[PDB]
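Colleague: Could you have a look at this structure, given as structure tokens, before my questions?
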Amino acid sequence: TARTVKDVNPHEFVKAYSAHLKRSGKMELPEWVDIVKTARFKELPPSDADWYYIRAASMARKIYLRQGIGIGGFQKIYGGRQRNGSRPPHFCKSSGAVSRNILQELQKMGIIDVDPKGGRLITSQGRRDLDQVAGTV
Amino acid sequence: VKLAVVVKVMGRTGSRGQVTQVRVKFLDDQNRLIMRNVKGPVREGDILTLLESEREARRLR
Amino acid sequence: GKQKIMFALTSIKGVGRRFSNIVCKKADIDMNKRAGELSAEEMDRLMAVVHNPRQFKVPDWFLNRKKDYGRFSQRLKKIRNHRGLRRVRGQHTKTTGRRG
Amino acid sequence: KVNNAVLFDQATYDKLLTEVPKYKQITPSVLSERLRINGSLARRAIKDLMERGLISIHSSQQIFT
Amino acid sequence: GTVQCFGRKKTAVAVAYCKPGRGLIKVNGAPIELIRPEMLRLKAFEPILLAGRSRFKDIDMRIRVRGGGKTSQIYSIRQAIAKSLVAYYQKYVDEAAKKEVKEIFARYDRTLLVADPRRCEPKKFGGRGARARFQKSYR
Amino acid sequence: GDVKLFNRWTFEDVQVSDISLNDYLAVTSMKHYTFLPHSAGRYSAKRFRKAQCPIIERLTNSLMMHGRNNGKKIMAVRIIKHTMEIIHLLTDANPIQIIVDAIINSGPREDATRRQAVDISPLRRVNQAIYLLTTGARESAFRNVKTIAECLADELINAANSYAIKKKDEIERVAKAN
Amino acid sequence: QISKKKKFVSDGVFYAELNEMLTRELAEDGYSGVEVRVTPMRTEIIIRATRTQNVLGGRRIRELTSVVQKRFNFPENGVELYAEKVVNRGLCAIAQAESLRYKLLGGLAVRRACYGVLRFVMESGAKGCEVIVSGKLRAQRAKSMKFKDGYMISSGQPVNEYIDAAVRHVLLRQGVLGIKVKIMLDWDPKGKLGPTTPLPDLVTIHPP
Amino acid sequence: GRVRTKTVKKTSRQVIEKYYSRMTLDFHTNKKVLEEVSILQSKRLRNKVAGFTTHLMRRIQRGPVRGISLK
Amino acid sequence: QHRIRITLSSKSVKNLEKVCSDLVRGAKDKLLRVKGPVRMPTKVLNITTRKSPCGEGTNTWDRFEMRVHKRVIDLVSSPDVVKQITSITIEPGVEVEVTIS
Amino acid sequence: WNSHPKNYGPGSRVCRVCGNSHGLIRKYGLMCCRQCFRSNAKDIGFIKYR
RNA sequence: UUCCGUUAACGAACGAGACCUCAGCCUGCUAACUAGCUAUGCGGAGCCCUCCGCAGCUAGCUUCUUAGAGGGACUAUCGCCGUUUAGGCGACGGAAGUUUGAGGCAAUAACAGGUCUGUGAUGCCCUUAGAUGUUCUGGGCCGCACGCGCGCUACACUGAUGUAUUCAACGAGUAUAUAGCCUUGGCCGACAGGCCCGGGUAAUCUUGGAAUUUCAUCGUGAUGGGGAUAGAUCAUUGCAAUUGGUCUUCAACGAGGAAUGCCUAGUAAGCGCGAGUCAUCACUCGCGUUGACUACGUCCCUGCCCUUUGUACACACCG
Ligand SMILES: [K+]
Ligand SMILES: [K+]
Ligand SMILES: [K+]
Ligand SMILES: [K+]
Ligand SMILES: [K+]
Ligand SMILES: [K+]
Ligand SMILES: [K+]
Ligand SMILES: [Mg+2]
Ligand SMILES: [Mg+2]
Ligand SMILES: [Mg+2]
Ligand SMILES: [Mg+2]
Ligand SMILES: [Mg+2]
Ligand SMILES: [Mg+2]
Ligand SMILES: [Mg+2]
Ligand SMILES: [Mg+2]
Ligand SMILES: [Mg+2]
Ligand SMILES: [Mg+2]
Ligand SMILES: [Mg+2]
Ligand SMILES: [Mg+2]
Ligand SMILES: [Mg+2]
Ligand SMILES: [Mg+2]
Ligand SMILES: [Mg+2]
Ligand SMILES: [Zn+2]
């Protein structure tokens, strides 16, 4: 009778919701989409020309799954392996200004809001949109 | 190609103890009892293949 | 010749993976085709993008030859410098250096 | 040094069409090693197959017939 | 019928809470059919694919898994669902059905009803690994 | 029956054309045949315990080499699934049968040690066959266009002319000369 | 304020400092440990000595009470410090340790001094005793010489509560002599003699 | 290995020597009698003693042995 | 009125357990509800150090390890009766802290 | 006199017991060298368990 | 040298065992607002049902986490073997049939083994005032044509690279001076980094805690494996330059001769995390994750132990 974010797998969900943001045509884009690397440990910036919308869909699902995460939390979850050459590999974070910016746009779309608990929370309209797009799968 | 069933194990023998000397009887002729050696792990009641059925052996090799 | 433009321009000095990426996508050039397909109508565009970084909105830090001794852009032996004369990095060369 | 072709002519274009029903196995690696073509062009040929549908899909291998 | 069953493997525990209904199966609030990786998915459909859906067609299952690794969590749920389905009949239906499903599960694999006790032992000093030591250079 | 390999392969068709290697291979369709070759069971505890282990488990566990591949049984069983699909789709038969035929045609019979020649244990026979097949696939896969599944499939069918059969040939030649 | 971990470490190192300070001042009296307790508004620190009539001198005890109050910045009228007599001089390891040190320093032969200490510990009622003296006694070469008797366990958990050990470095005329004294304690269920628990190898039987 | 320390051998011999009247064949009865007829600190030492006593009752129920006396 | 929390910190299990049972039973004497005792997770301090004063010889490290045990008691009562109950004697090794809860 | 900034480093921290400038343990504010600290481990309360 | 027995020995001391710590099982008990489970009530979306969050000073409970008292295993039963002992092998059961695993402690006798540069432990010799200490300034230990020793990173397609699922434990964390520690959150900054709101002297706050896994560009080329080495550049730490960001540079390296080291089960091997080191900079000690091949035998080599035997050795065959 209804398929919900739980009922549909994350991969096809995030790709469909990235397409949803693609033809939505409301949220803005920065001037540095291709040039900037999403993380300093990364060498090649994301080869996908529309990487920004895929990333924004990843945020749209993440805030639905868990709430109260700040800029540092998203900087942490998008980290990974940093190989320092002949030195042993280690952990590294991701970019912060781009995450701050995309979160600010998502606030401008009303999908999220600031909280007294620290971080962000999903607004009812945004999770409603996620619910019906899950139902359209 | 005379398949033989291991009938008794005579303890590990050899320089390193890698070979294990056993007594076998043929499935085609049960009454014939020979002595041979086998590498690897062998337990009683097993069935073992061979190529030459005329080679003999010695006790506690 | 046959390598993708993503890394075909790695061969020419002064340009690696990063600048190749910054040029193949700032001229609105197709990315999923090899260099052998590329013809003259886009070679001029590629050279225009490469030779004019700052005028093409290259982020200012991206340029490699930054603020020469005085313009952002893409002698040590004579001045008697420890860097020109010399390992300059200050390495424990007790063990290494066995190449000659 | 195996110098496989980077661009395919109409020759390979129709040989692959002819042999794809009769090939009990078609894979990018076998196609590349047999028809003297690059693995990327083997991928493109298998997408042309899916366009024509003369027959799994995985990030590393493709098994179809 | 509401029972608690804990499935433990290494350092992963899957807590299953039973409730009567229409046989809905959910893990961590997500469907059992969306077990990732999908290729180890058949490892967690063993009780359903062996006992059969007719056994659990009238009681749902909701499991939450914590700790361990991915494979450890998969084994934890693998044994937790089994324990919960034994408790299905042991406390709420009868003895014979529970006994026979337990025997069938045991004859399929011992781990389904017995928790494997293998744990990581502490690492000893004077060496790299827990049991391995350094390279000995006499001169 | 109700138990099939990946819900796809039926075990109740595969036999062994020998009465010396029956119990060491878990291919009988009454027990010891599983859904997939990944299980967290202990088989090194007691002697001859690995005989009860499924053959597919042995094949998928012997591929985690070299040192850059161990601890990655997931890739091992995925590759075995890929090569299994290749074998079944090409040969139009039960891939279990091809696996059993390759193992039963890739086991050496006699060696020579101490130098005197003498026979080989059946458990050591199947173990050596599996090790030889995995090492041959690794040799054919290193620095080549081929992926793991393709060379594994080719070596499996060719052993049912091949690396493993030639290794067994030279081992038996060394054995039979002493 | 101060976290629990830092406070616990501070009291541990403070007790060690107190032990070291008191053991290097009561050489004429045989310092034999200290008991420290924290009652509401009071910090009691009772010193032990084999000879107590000389610790009192009780003004000197009040000076040593002010010692911890003002050296460690402790609050006034919250710290108390008195002296106490040993229950058993012989059964105490350090007591006989510095007793042997004093005996050898006075001019007695070391052998006779350890025989006397060895007789005294059995006078106390020890299960067994061991005295080890290492260093140069008369010759340039150093030697290790031991006198042991009675029950003398050497391994296991019971070694750290069924024995009492003491080690000292007596500065002699020609160098430093190392002395070690080990005393086994019997099972006293009350606990006044030694441990309150029996040995694993000691089993008692009720007659039928 | 599974061989018994002289302490447990000795104590089993003594408890059977002085308390053969009531002590029975089951291991758990043997240990629940041992815990109050004698003072054993280690619980697993007590278990070893009880099992050993059970084994010697198995030995003696067929005939006399060389260990115990009285009557 | 004016709930009171008492914290019992020590290193020895036996002393803490006996004094906790004693204090809880004393609180029960005055017919007072007590939520507990709550056994706070024990905290372990681990330190490793080289035995050899000079690095000569094979490297052997000893591993000192200390345990810190804690209990917490909440009593819904006036603080004065809490002070009366805790005013009784104590055993060595146990530290008592009182706070308004 | 002591003009060099001794706000940190081994020139400012010494073992509380002995006074060495090397082997200083600092975990939990012990502030002592390994030899002296191992000497008084029983005194501090540091006892071996395994 | 654990025991049974044999017995010119009898009766005893150490060592071993016994002991202690941790893990492994408990739907049994103790009891949890600085920890949780369920139902309900409210609000969120598609009455019910799927479903996320918030309360209910008791909705109920401790099955799930914590920590305590306890229990559980003792080889007892089965068969065989052995002597009818000591015990061993294979069985059912059980969480466990190896004293269950892993450790701590660990006898006598020595080494001219190491440490005087850890010690207001110390004897002798030496400096004791153009001081061999003391205080600061600067350098040096970091040298390099060269030999060796322990580890890090690779030789790639089982992979690199780029998207998108996401599962741990150990421990540690403030002087409040605006604020020295852990840092949450907001803002700015491509990244490195900076400002503001603040919490935690702690199960409360940090703590909401990677290889692997769908998808694709590579395509067998010393190539996008590899990044040695260089230059330009920004900022952090530090009183004073160490490290970390960006781009450019892209060396040897295509499984390694004689020799050689570790390891038998959640072990090896692979991947990270914490702590020590610390004004700044990670090898050692622990933690967890994925997870196997073979062996379960032997004294062939390298040793160790015991008995007999030979000796011209006793600094003891390097005699
Ligand atoms: K990430
Ligand atoms: K050099
Ligand atoms: K030191
Ligand atoms: K509701
Ligand atoms: K010294
Ligand atoms: K000196
Ligand atoms: K490079
Ligand atoms: Mg370049
Ligand atoms: Mg003993
Ligand atoms: Mg012991
Ligand atoms: Mg519970
Ligand atoms: Mg027990
Ligand atoms: Mg010497
Ligand atoms: Mg000094
Ligand atoms: Mg000096
Ligand atoms: Mg240097
Ligand atoms: Mg080392
Ligand atoms: Mg990847
Ligand atoms: Mg996790
Ligand atoms: Mg490369
Ligand atoms: Mg490179
Ligand atoms: Mg170091
Ligand atoms: Zn010191």
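Colleague: Which of (1) surrounded by 15 or more Cβ atoms within 10 Å (Cβ to Cβ); (2) touching a strand residue (DSSP E or B) at 6+ places or on another chain (Cβ under 6 Å) does G:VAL67 not meet, given it meets every other one?
Modeller: Looking at each condition in turn, G:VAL67 falls short on (2).
Colleague: Could you list all residues from the stretch F:120-146 that are away from chain B (no Cβ under 14 Å) and within 20 Å of F:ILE98 (Cα to Cα)? Quick ask: steps written out before the conclusion?
Modeller: Let us first name the residues in the stretch F:120-146 that are away from chain B (no Cβ under 14 Å), namely F:132-146.
Within the stretch F:120-146, F:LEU132, F:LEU133, F:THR134, F:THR135, F:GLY136, F:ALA137, F:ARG138, F:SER140 meet the criteria.
Colleague: Could you say which residue among F:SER140, F:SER106, F:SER162 is under 18 Å from B:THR49 (Cβ atoms), of a type in the set (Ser, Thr, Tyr) and away from ligand 23 (no atom under 16 Å from the Cβ)?
Modeller: When all the criteria are applied, what remains is F:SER106.
Colleague: Restricting the search to the stretch F:2-21, which residues are exposed (fewer than 11 other Cβ atoms within 10 Å of the Cβ) and among the hydroxyl-bearing types (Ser, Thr, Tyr)?
Modeller: Listed by number, the list holds a single entry, F:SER17.
Each row is one residue, and each column tells you yes or no for (1) within 16 Å of ligand 16 (Cβ to nearest atom); (2) within 30 Å of A:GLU12 (Cα to Cα); (3) more than 13 Å from the chain's Cα centre (by Cα).
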{"site": "E:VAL13", "(1), (2), (3)": "no, yes, no"}
{"site": "E:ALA16", "(1), (2), (3)": "no, yes, no"}
{"site": "E:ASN28", "(1), (2), (3)": "no, yes, yes"}
{"site": "E:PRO37", "(1), (2), (3)": "no, yes, yes"}
{"site": "E:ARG55", "(1), (2), (3)": "no, no, yes"}
{"site": "E:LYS70", "(1), (2), (3)": "no, yes, no"}
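Residue-by-condition table, conditions (1) crowded, with 17+ Cβ neighbours inside 10 Å; (2) in contact with a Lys or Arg (Cβ under 9 Å, 6 or more places away or on another chain):
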| site | (1), (2) |
| --- | --- |
| I:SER21 | no, no |
| I:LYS30 | no, no |
| I:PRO41 | no, yes |
| I:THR48 | no, yes |
| I:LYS51 | no, yes |
| I:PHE64 | yes, yes |
| I:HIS69 | yes, yes |
| I:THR86 | yes, no |
| I:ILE100 | no, yes |
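Colleague: Of the residues A:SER47, A:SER94, which single one is away from ligand 1 (no atom under 16 Å from the Cβ), in a loop (DSSP other than H, G, I, E, B) and of a type outside the set (A, V, I, L, M)?
Modeller: A:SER47
Colleague: Would you call D:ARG52 within 13 Å of another protein chain (Cβ to nearest Cβ) and basic (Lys, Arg)?
Modeller: Details: within 13 Å of another protein chain (Cβ to nearest Cβ): no; basic (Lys, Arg): yes.
Spelling it out, it is not the case that D:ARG52 is within 13 Å of another protein chain (Cβ to nearest Cβ) and basic (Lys, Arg).
Colleague: Say whether the condition of being closer than 18 Å to G:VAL79 by Cβ, within 14 Å of chain J (Cβ to nearest Cβ), among the hydroxyl-bearing types (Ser, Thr, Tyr) and surrounded by fewer than 20 Cβ atoms within 10 Å (Cβ to Cβ) is met by at least one residue in the stretch G:13-23.
Modeller: yes
Colleague: Answer yes or no: is there a residue in the stretch E:103-118 that is surrounded by 15 or more Cβ atoms within 10 Å (Cβ to Cβ), of a type in the set (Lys, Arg), more than 16 Å from ligand 16 (Cβ to nearest atom) and farther than 30 Å from I:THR48 by Cα.
Modeller: no
Colleague: Here is a follow-up. Going through C:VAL58, C:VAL23, C:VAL49 one at a time, which residue ends up being among the β-branched types (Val, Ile, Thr), away from ligand 3 (no atom under 16 Å from the Cβ), part of a loop (DSSP other than H, G, I, E, B) and surrounded by 10 or more Cβ atoms within 10 Å (Cβ to Cβ)?
Modeller: C:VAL58
Colleague: Which numbered condition trips up D:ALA45, out of (1) in contact with a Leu (Cβ under 9 Å, 6 or more places away or on another chain); (2) within 11 Å of chain F (Cβ to nearest Cβ); (3) among the small types (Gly, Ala, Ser)?
Modeller: Status for D:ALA45: all satisfied but (2).
Colleague: If D:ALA45 satisfies all but one of (1) in a loop (DSSP other than H, G, I, E, B); (2) touching a helix residue (DSSP H, G or I) at 6+ places or on another chain (Cβ under 7 Å), what's the number of the condition it fails?
Modeller: In the conditions (1) in a loop (DSSP other than H, G, I, E, B); (2) touching a helix residue (DSSP H, G or I) at 6+ places or on another chain (Cβ under 7 Å), D:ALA45 misses (1) alone.
Colleague: Right, another one. Of the numbered conditions (1) within 11 Å of another protein chain (Cβ to nearest Cβ); (2) farther than 11 Å from F:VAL118 by Cα, B:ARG58 fails exactly one; give the number of that condition.
Modeller: The one condition B:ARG58 does not meet is (1).
Colleague: Continuing with the same structure: Go through the stretch B:1-50 and count every residue that is among the aliphatic types (A, V, I, L, M) and in a loop (DSSP other than H, G, I, E, B).
Modeller: Number satisfying all stated conditions: 5.
Colleague: Sticking with this structure for a sec: Working only within the stretch J:1-24, note down all residues that are under 14 Å from G:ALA16 (Cβ atoms) and within 9 Å of ligand 3 (Cβ to nearest atom).
Modeller: Listed by number, the residues that qualify are J:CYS15, J:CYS18.
Colleague: A further question on this structure: Yes or no: C:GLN74 within 16 Å of ligand 8 (Cβ to nearest atom) and away from chain A (no Cβ under 14 Å)?
Modeller: Yes; evaluated as a whole, the condition is true for this residue.
Colleague: Let me ask you something else. Answer yes or no as to whether J:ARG38 is surrounded by 16 or more Cβ atoms within 10 Å (Cβ to Cβ), more than 8 Å from ligand 3 (Cβ to nearest atom) and more than 28 Å from G:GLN157 (Cβ to Cβ).
Modeller: The answer is no for J:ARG38.
Colleague: Can you work out which of the residues in the stretch B:35-55 that are over 12 Å from B:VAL22 (Cβ atoms) and more than 9 Å from chain F (Cβ to nearest Cβ) is surrounded by the fewest Cβ atoms within 10 Å (Cβ to Cβ)?
Modeller: Filtering first and then ranking leaves B:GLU54.
Colleague: Here's a follow-up. Restricting the search to the stretch F:1-37, which residues are within 14 Å of chain B (Cβ to nearest Cβ) and of a type in the set (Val, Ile, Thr)? Talk me through it step by step, then tell me what you get.
Modeller: In the first step, residues of the stretch F:1-37 are kept if they are within 14 Å of chain B (Cβ to nearest Cβ); the result is F:16-25.
If the condition is that a residue be within 14 Å of chain B (Cβ to nearest Cβ) and of a type in the set (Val, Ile, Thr), then F:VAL16, F:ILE19 are the ones that fit.
Colleague: Yes or no: the stretch G:186-203 includes at least one residue that is charged (D, E, K, R), more than 30 Å from J:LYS48 (Cα to Cα) and surrounded by fewer than 15 Cβ atoms within 10 Å (Cβ to Cβ). Full working, then the answer.
Modeller: In the first step, residues of the stretch G:186-203 are kept if they are charged (D, E, K, R); the result is G:186, G:188, G:190, G:192, G:201.
Cutting the leftovers down to more than 30 Å from J:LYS48 (Cα to Cα) gives us none.
No: zero hits.
Colleague: Check E:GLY67, E:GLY29, E:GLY21, E:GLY7 and return the single one that is small (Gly, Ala, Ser) and within 14 Å of chain A (Cβ to nearest Cβ).
Modeller: E:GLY29
Colleague: Still on this structure, I have one more. Does any residue of the stretch J:28-40 turn out to be assigned to a loop (DSSP other than H, G, I, E, B) and of a type in the set (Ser, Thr, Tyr)?
Modeller: No - not one qualifying residue is present in the stretch J:28-40.
Colleague: Could you tell me which of the residues F:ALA112, F:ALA51, F:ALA117, F:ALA40 is away from chain B (no Cβ under 14 Å), of a type outside the set (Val, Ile, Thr) and surrounded by 15 or more Cβ atoms within 10 Å (Cβ to Cβ)?
Modeller: Only one candidate passes the filter, namely F:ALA40.
Colleague: So, restricting to helices (runs of 4 or more DSSP H) that lie completely within chain H, which ones have at least 2 residues that are within 14 Å of chain G (Cβ to nearest Cβ) and in contact with a strand residue (DSSP E or B) (Cβ under 9 Å, 6 or more places away or on another chain)?
Modeller: H:6-18, H:43-60
Colleague: While we're looking at this one, here's another question. When the stretch D:1-42 is examined, which residues are found to be of a type outside the set (D, E, K, R) and within 14 Å of chain C (Cβ to nearest Cβ)?
Modeller: D:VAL2, D:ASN3, D:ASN4, D:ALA5, D:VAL6, D:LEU7, D:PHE8, D:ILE37, D:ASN38, D:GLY39, D:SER40, D:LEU41 - these are the residues of the stretch D:1-42 that are of a type outside the set (D, E, K, R) and within 14 Å of chain C (Cβ to nearest Cβ).
Colleague: Which one of these is small (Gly, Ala, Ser), surrounded by 12 or more Cβ atoms within 10 Å (Cβ to Cβ) and touching a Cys at 6+ places or on another chain (Cβ under 7 Å): A:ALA56, A:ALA39?
Modeller: Unique residue meeting the criteria: A:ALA39.
Colleague: Would you mind telling me which numbered condition in (1) more than 30 Å from J:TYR49 (Cα to Cα); (2) surrounded by fewer than 20 Cβ atoms within 10 Å (Cβ to Cβ); (3) more than 10 Å from RNA strand K (Cβ to nearest atom) G:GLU98 fails?
Modeller: (2)
Taken together, the values in this text are just the output of simple stated rules run on the coordinates, not laboratory data. Cβ sites come from the backbone with ideal geometry, for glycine too, and all protein chains shown count toward neighbours.
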